[PDB]
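Colleague: Just the starting chains for now, same placement as in the complex:
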Amino acid sequence: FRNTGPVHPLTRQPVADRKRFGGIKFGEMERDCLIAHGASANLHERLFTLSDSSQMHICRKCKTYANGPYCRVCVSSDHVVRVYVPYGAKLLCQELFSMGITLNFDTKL
């Protein structure tokens, strides 16, 4: 059983060790079954809320990723929006940038 515990160094997910308050893997089959049932709030909570939760800052003017937030590609702008995406998405973006692929994000708000 687990309520709160340490996270993995690579991804911000509960450790698999049982003695260290490990969590239960939410597999693909369970996600498919929950989609078939039609419950999205439970699926959203299990994949984003109780799972690795992080934040990413995207510049409104230029479609780039900015690290308050500040984008060096453009000038210091006061229009920067924050999106709520899992830490796995940020890890994938970092991996894509390392391999030589740049992603552009067009926020709707």
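Modeller: Sure thing, it's come through. Numbers count the residues shown, from 1 in each chain, chains lettered A, B, ... in the order given.
Colleague: On the three-state scheme, residue A:58 is what?
Modeller: Classification of residue A:58 by DSSP: H, G, I helix; E, B strand; the rest coil places it in strand.
Colleague: That one - nearest residue in space that isn't next to it in sequence?
Modeller: Computed as C-beta to C-beta, 6 or more residues apart in numbering, the closest residue to residue A:58 that is not its neighbour in sequence is residue A:105, at 4.8 Å. All C-beta spots, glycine's among them, are computed from the backbone N, C-alpha and C.
Colleague: now residue A:25: how far from residue A:15?
Modeller: Counting by C-beta to C-beta, to the nearest Å, the gap from residue A:25 to residue A:15 is 12 Å.
Colleague: re earlier: now do the phi/psi pair for the residue nearest to residue A:58.
Modeller: Torsion angles at residue A:105 (phi, psi; degrees, to the nearest 10) stand at phi -120, psi 130.
Colleague: hmm, back to that, so which of residue A:25 and residue A:15 has more stuff around it?
Modeller: Each of residue A:25 and residue A:15 had its neighbours counted (other C-beta atoms under 10 Å), and the higher figure belongs to residue A:15 (16 against 10).
Colleague: Here is chain B, add it in:
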Amino acid sequence: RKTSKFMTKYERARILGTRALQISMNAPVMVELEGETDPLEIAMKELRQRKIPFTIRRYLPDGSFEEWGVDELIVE
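Modeller: Chain B added:
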């Protein structure tokens, strides 16, 4: 228009969840409930009494949407 005019299970569940979340945050209840200590019970009572001030916007796949209300729709 061009709708079934029936409240689906998913929409009903979402409305009940939203109303329960609102009530759990110390919100006044439009309907009068006696001996009720659970927000879900009050939400279900309001749904049965169709006094919820909610409107449903159904997004059609073509891009358009139709505005409905919980009082206009019926619950099976």
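Colleague: Check the secondary structure at the residue lying closest to residue A:104 once chain neighbours are set aside for me.
Modeller: Nearest residue to residue A:104 in three dimensions, chain neighbours excluded: residue A:63, at 3.9 Å (C-beta to C-beta, 6 or more residues apart in numbering or on different chains). Following three-state DSSP, we place residue A:63 in the coil state.
Colleague: number of nearby residues for residue A:63?
Modeller: Residue neighbour count, defined by other C-beta atoms under 10 Å in any protein chain shown, stands at 14 for residue A:63.
Colleague: Does it touch residue A:81 like I think?
Modeller: No - between residue A:63 and residue A:81 no contact is recorded; they are 11.5 Å apart, counting by C-beta atoms under 8 Å.
Colleague: Just want the residue of chain B that's nearest chain A.
Modeller: With C-beta to the nearest C-beta, the shortest gap between chain B and chain A falls at residue B:10, namely 5.5 Å.
Colleague: any idea what sits nearest that residue, other than its immediate chain neighbours?
Modeller: residue A:38 (5.5 Å).
Colleague: Put this one in as chain C:
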Amino acid sequence: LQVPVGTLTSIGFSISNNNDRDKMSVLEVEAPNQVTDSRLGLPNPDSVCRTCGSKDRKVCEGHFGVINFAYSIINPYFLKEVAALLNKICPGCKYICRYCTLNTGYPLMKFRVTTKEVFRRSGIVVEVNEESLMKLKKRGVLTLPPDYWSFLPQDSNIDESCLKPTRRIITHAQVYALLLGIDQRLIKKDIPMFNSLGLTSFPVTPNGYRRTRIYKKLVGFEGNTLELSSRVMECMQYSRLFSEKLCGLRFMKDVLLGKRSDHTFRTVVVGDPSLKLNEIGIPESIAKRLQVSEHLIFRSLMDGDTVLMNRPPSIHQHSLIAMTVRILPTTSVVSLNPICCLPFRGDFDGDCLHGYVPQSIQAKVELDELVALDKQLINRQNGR
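Modeller: Once chain C is put in with the chains from before, the structure reads:
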């Protein structure tokens, strides 16, 4: 400060160029011994971040740094696009000439990319068709003309190869020399991303992410550029997305597809006919430690709460059943009605059922309205 919130949509894909690579990197020094700098990531041996504030690897993101190259390097991803274009366009006519007419004695050339076959370098090596060579051999021509390779400008990056007079490794400087004079319309038609042609920089992984030795060896670059291109190609293949355990599709499954959540319990299940079908027995020893989120901040599990029970693997959608928590004096075990074993397709011989406790109120409201036992009385497979 404070920034507005918004949704994410319309993800675009493009190949990184030098401009975005330089703009994204912050404090990108070119020191060989400063790979693990104090300005990139927290896990550096100083515990202080220059760009961000002090944190516990929870409020600081992984900063990026990009090294610089003395000479221009062609992009390996566009290597095939350039190799195919050089085969069609004549190397000394720049049209769609000695290299065009067959009566001049000059055989045709084939442009291709080798893969760790000759010098362990993924570059452009032009080859002459051997069928035409035999035709020249039968006419009395044994060796190639001395002025055959006059279209290649002199390059100082060339080194001692001595492979064969018929094959030559094209220098990266020669690639730009051959591309000059060609109309931009033809180049843009084959290569959509013209701005990413020149690769004058290469980024390094943040300290908070993880190849490091190769990146350190790339700080000092001089002489031939083919070795640098080979090093870049070898370093790009160390990414987790490339196939070789946590790499490739397994990385995707273990990061984005499959995740682990909190507020989960896993215990062995036994039979209890006295309990109702829609009720699940929860031991008192575990219920007092499992905490739920109720708005008045955590309270222990009690009777009336709903949990999502699942048996791995989930072969059908009826494995997910929401049951009400019923506290029992038994410990280190969960009690389930023997009738409810059919939806779970399990028996009482060592099967373990792991549940999920919903924390949000809306999740609980939707759990017993759609995933409850009374809602799943009709089988969706056969209608029985």
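Colleague: The neighbour count of residue A:63 again please, chain C included this time.
Modeller: Burial measure for residue A:63: 17 neighbouring residues, criterion other C-beta under 10 Å.
Colleague: ok, it - contacts?
Modeller: Residue A:63 makes contacts with A:104, A:105, A:106, C:12, as judged by C-beta atoms under 8 Å, 6 or more residues apart in numbering or on different chains.
Colleague: how close does it get to chain B?
Modeller: Note on residue A:63: its distance to chain B, by C-beta to the nearest C-beta, to the nearest Å, is 24 Å.
Colleague: which residue packs closest to residue C:73, ignoring adjacent ones?
Modeller: The shortest distance from residue C:73 to any non-neighbouring residue, by C-beta to C-beta, 6+ apart, is to residue C:199 (4.6 Å).
Colleague: Tell me if that neighbour really is in a strand.
Modeller: Yes - according to three-state DSSP, the state of residue C:199 is that of a strand.
Colleague: Contacts only, for it.
Modeller: In this structure, residue C:199 makes contact with C:18, C:69, C:72, C:73, C:74, C:75, C:232, judged by C-beta under 8 Å, 6+ apart.
Colleague: Next secondary structure after the host helix or strand of the second one?
Modeller: When you say that, I think you mean residue C:69. Using DSSP states H and E, residue C:69 sits in strand C:65-74. Downstream of strand C:65-74, the first helix or strand assigned by DSSP H and E is helix C:79-88.
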